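Shown below: start.pdb, with PDB, C-alpha atoms and all ligand atoms.
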```pdb
ATOM      1  CA  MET A  10      13.845 -20.566 -12.493  1.00  0.00           C
ATOM      2  CA  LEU A  11      11.022 -18.069 -13.117  1.00  0.00           C
ATOM      3  CA  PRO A  12      11.510 -14.661 -14.657  1.00  0.00           C
ATOM      4  CA  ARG A  13      10.858 -11.779 -12.350  1.00  0.00           C
ATOM      5  CA  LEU A  14       7.223 -10.750 -12.164  1.00  0.00           C
ATOM      6  CA  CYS A  15       6.705  -7.180 -11.014  1.00  0.00           C
ATOM      7  CA  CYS A  16       3.224  -6.448  -9.763  1.00  0.00           C
ATOM      8  CA  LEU A  17       2.527  -2.738  -9.591  1.00  0.00           C
ATOM      9  CA  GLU A  18      -0.393  -0.740  -8.260  1.00  0.00           C
ATOM     10  CA  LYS A  19      -0.792   2.578  -9.982  1.00  0.00           C
ATOM     11  CA  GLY A  20       0.210   5.528  -7.841  1.00  0.00           C
ATOM     12  CA  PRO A  21      -0.548   9.249  -8.048  1.00  0.00           C
ATOM     13  CA  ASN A  22       2.185   9.731 -10.720  1.00  0.00           C
ATOM     14  CA  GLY A  23       1.560   6.435 -12.451  1.00  0.00           C
ATOM     15  CA  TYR A  24       3.916   3.484 -12.222  1.00  0.00           C
ATOM     16  CA  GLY A  25       7.231   5.410 -12.294  1.00  0.00           C
ATOM     17  CA  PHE A  26       9.200   4.099 -15.284  1.00  0.00           C
ATOM     18  CA  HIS A  27       9.867   4.719 -18.941  1.00  0.00           C
ATOM     19  CA  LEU A  28       9.560   2.162 -21.709  1.00  0.00           C
ATOM     20  CA  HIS A  29      11.599   2.407 -24.887  1.00  0.00           C
ATOM     21  CA  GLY A  30      12.647   0.575 -28.024  1.00  0.00           C
ATOM     22  CA  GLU A  31      16.208   0.099 -29.224  1.00  0.00           C
ATOM     23  CA  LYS A  32      17.221   0.489 -32.878  1.00  0.00           C
ATOM     24  CA  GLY A  33      18.780  -2.612 -34.408  1.00  0.00           C
ATOM     25  CA  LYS A  34      16.807  -4.815 -32.034  1.00  0.00           C
ATOM     26  CA  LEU A  35      13.347  -6.022 -31.262  1.00  0.00           C
ATOM     27  CA  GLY A  36      11.573  -5.410 -28.016  1.00  0.00           C
ATOM     28  CA  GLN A  37      10.741  -2.873 -25.375  1.00  0.00           C
ATOM     29  CA  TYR A  38      12.949  -2.124 -22.392  1.00  0.00           C
ATOM     30  CA  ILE A  39      12.676  -0.536 -18.967  1.00  0.00           C
ATOM     31  CA  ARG A  40      14.421   2.794 -18.301  1.00  0.00           C
ATOM     32  CA  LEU A  41      14.477   5.484 -15.532  1.00  0.00           C
ATOM     33  CA  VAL A  42      12.750   3.769 -12.643  1.00  0.00           C
ATOM     34  CA  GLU A  43      11.811   6.529 -10.246  1.00  0.00           C
ATOM     35  CA  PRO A  44      12.844   6.262  -6.593  1.00  0.00           C
ATOM     36  CA  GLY A  45       9.942   5.517  -4.284  1.00  0.00           C
ATOM     37  CA  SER A  46       7.641   4.504  -7.153  1.00  0.00           C
ATOM     38  CA  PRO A  47       5.562   1.344  -7.429  1.00  0.00           C
ATOM     39  CA  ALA A  48       8.054   0.327 -10.135  1.00  0.00           C
ATOM     40  CA  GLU A  49      11.000   0.591  -7.789  1.00  0.00           C
ATOM     41  CA  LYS A  50       9.088  -1.110  -4.957  1.00  0.00           C
ATOM     42  CA  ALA A  51       8.257  -4.031  -7.289  1.00  0.00           C
ATOM     43  CA  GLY A  52      11.881  -4.605  -8.306  1.00  0.00           C
ATOM     44  CA  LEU A  53      11.758  -3.283 -11.893  1.00  0.00           C
ATOM     45  CA  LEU A  54      15.204  -2.430 -13.154  1.00  0.00           C
ATOM     46  CA  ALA A  55      16.539  -0.238 -15.952  1.00  0.00           C
ATOM     47  CA  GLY A  56      17.649  -2.411 -18.856  1.00  0.00           C
ATOM     48  CA  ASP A  57      15.080  -5.169 -18.271  1.00  0.00           C
ATOM     49  CA  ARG A  58      13.300  -6.402 -21.376  1.00  0.00           C
ATOM     50  CA  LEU A  59       9.509  -6.520 -21.042  1.00  0.00           C
ATOM     51  CA  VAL A  60       8.153  -9.943 -21.996  1.00  0.00           C
ATOM     52  CA  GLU A  61       4.521  -9.886 -20.849  1.00  0.00           C
ATOM     53  CA  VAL A  62       1.991  -7.352 -19.667  1.00  0.00           C
ATOM     54  CA  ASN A  63      -0.885  -8.788 -17.686  1.00  0.00           C
ATOM     55  CA  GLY A  64      -0.310 -12.275 -19.012  1.00  0.00           C
ATOM     56  CA  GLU A  65      -0.015 -11.322 -22.672  1.00  0.00           C
ATOM     57  CA  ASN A  66       3.096 -11.705 -24.793  1.00  0.00           C
ATOM     58  CA  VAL A  67       4.596  -8.368 -25.829  1.00  0.00           C
ATOM     59  CA  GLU A  68       8.047  -9.737 -26.666  1.00  0.00           C
ATOM     60  CA  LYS A  69       7.977  -8.229 -30.154  1.00  0.00           C
ATOM     61  CA  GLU A  70       4.943  -5.971 -30.188  1.00  0.00           C
ATOM     62  CA  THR A  71       5.330  -2.339 -31.204  1.00  0.00           C
ATOM     63  CA  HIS A  72       6.108   0.466 -28.813  1.00  0.00           C
ATOM     64  CA  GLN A  73       2.548   1.791 -29.179  1.00  0.00           C
ATOM     65  CA  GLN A  74       0.897  -1.576 -28.619  1.00  0.00           C
ATOM     66  CA  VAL A  75       2.912  -2.269 -25.429  1.00  0.00           C
ATOM     67  CA  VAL A  76       2.306   1.212 -23.972  1.00  0.00           C
ATOM     68  CA  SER A  77      -1.405   0.806 -24.668  1.00  0.00           C
ATOM     69  CA  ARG A  78      -1.446  -2.547 -22.847  1.00  0.00           C
ATOM     70  CA  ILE A  79       0.301  -1.066 -19.778  1.00  0.00           C
ATOM     71  CA  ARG A  80      -2.030   1.935 -19.726  1.00  0.00           C
ATOM     72  CA  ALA A  81      -5.091  -0.304 -20.638  1.00  0.00           C
ATOM     73  CA  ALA A  82      -8.081   0.879 -18.706  1.00  0.00           C
ATOM     74  CA  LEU A  83      -6.705  -0.695 -15.497  1.00  0.00           C
ATOM     75  CA  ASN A  84      -5.091   0.736 -12.354  1.00  0.00           C
ATOM     76  CA  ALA A  85      -2.636  -2.213 -11.777  1.00  0.00           C
ATOM     77  CA  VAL A  86      -0.170  -4.076 -13.992  1.00  0.00           C
ATOM     78  CA  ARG A  87       1.857  -7.278 -13.873  1.00  0.00           C
ATOM     79  CA  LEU A  88       5.112  -7.035 -15.796  1.00  0.00           C
ATOM     80  CA  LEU A  89       7.096 -10.147 -16.623  1.00  0.00           C
ATOM     81  CA  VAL A  90      10.690  -9.106 -17.286  1.00  0.00           C
ATOM     82  CA  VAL A  91      14.092 -10.579 -18.038  1.00  0.00           C
ATOM     83  CA  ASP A  92      17.676  -9.414 -18.076  1.00  0.00           C
ATOM     84  CA  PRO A  93      18.663  -9.514 -21.763  1.00  0.00           C
ATOM     85  CA  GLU A  94      22.271 -10.265 -20.824  1.00  0.00           C
ATOM     86  CA  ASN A  95      21.042 -13.461 -19.124  1.00  0.00           C
ATOM     87  CA  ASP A  96      18.053 -14.395 -21.241  1.00  0.00           C
ATOM     88  CA  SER A  97      17.577 -14.830 -24.977  1.00  0.00           C
ATOM     89  CA  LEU A  98      14.583 -15.720 -27.108  1.00  0.00           C
ATOM     90  CA  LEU A  99      15.039 -18.681 -29.513  1.00  0.00           C
TER      91      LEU A  99
HETATM   92 CL    CL B   1       6.993  13.176 -13.537  1.00  0.00          CL
HETATM   93 CL    CL B   2      17.961   4.263 -17.692  1.00  0.00          CL
HETATM   94 CL    CL B   3      17.113   0.587 -12.098  1.00  0.00          CL
HETATM   95 CL    CL B   4      16.629 -13.173 -16.457  1.00  0.00          CL
END
```
As structure tokens, what does this structure read like?
Amino acid sequence: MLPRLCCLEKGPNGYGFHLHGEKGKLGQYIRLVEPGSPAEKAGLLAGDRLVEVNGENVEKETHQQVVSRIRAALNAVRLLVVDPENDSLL
């Protein structure tokens, strides 16, 4: 069964979430999803690992590269995410 795909339209304060790396591990993860934000409305959850941004694999890209892809020059983003406790990359 398909990973969650969160489709967000940019709001007045952006999407409403933080993205961060974790020492000792690869990847970028969701944190601090703001109440009432497009992020919350789309079902993004703190702790989710970000796998794709707008159809492009960011599984192991750097923090800067992933942030740049989310910010792009677009006003909408599609985030493919997984729960790392339930999903592993092989
Ligand atoms: Cl703020
Ligand atoms: Cl958090
Ligand atoms: Cl959350
Ligand atoms: Cl999952």
Requested in this report: Evaluate the PyMOL selection byres (((chain A and resi 74-90) around 10) and not hetatm) and record the selected residues as a PyMOL selection string, following the chain and residue labels used in the document.
Outcome: chain A and resi 11-20+23-24+27-29+36-39+47-48+51+53-54+56-73+91-93+96
Query - Contacts with ligand CL 1 (chain B) at most 10 Å, all atoms listed in the file counted, listed as a list in words - result: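 Counting all atoms listed in the file, the residues within 10 Å of ligand CL 1 (chain B) come out as residues 22, 23, 25, 26 and 43 of chain A.
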Query raised in the report: Between atom CA of residue A:52 and atom CL of ligand CL 3 (chain B), what is the spacing in Å?
Result: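 These two atoms are separated by 8.3 Å.
In this structure, atom CL of ligand CL 4 (chain B) sits 7.7 Å away from atom CA of residue A:94.
Distances here use all atoms listed in the file; by that measure, the residue among A:33, A:97, A:21, A:42 closest to ligand CL 2 (chain B) is A:42.
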Residues of chain A within 7 Å of ligand CL 2 (chain B): nearest atom pair and distance (Å, one decimal) for each, counting only C-alpha atoms and all ligand atoms, sorted by chain and number, as a tab-separated table?
```
residue	atom	partner	partner_atom	distance
A:40	CA	B:CL2	CL	3.9
A:41	CA	B:CL2	CL	4.3
A:55	CA	B:CL2	CL	5.0
A:56	CA	B:CL2	CL	6.8
```
**Report entry** Among listed residues A:31, A:44, A:10, A:95, nearest ligand CL 4 (chain B) (using all atoms listed in the file)
**Finding:** A:95
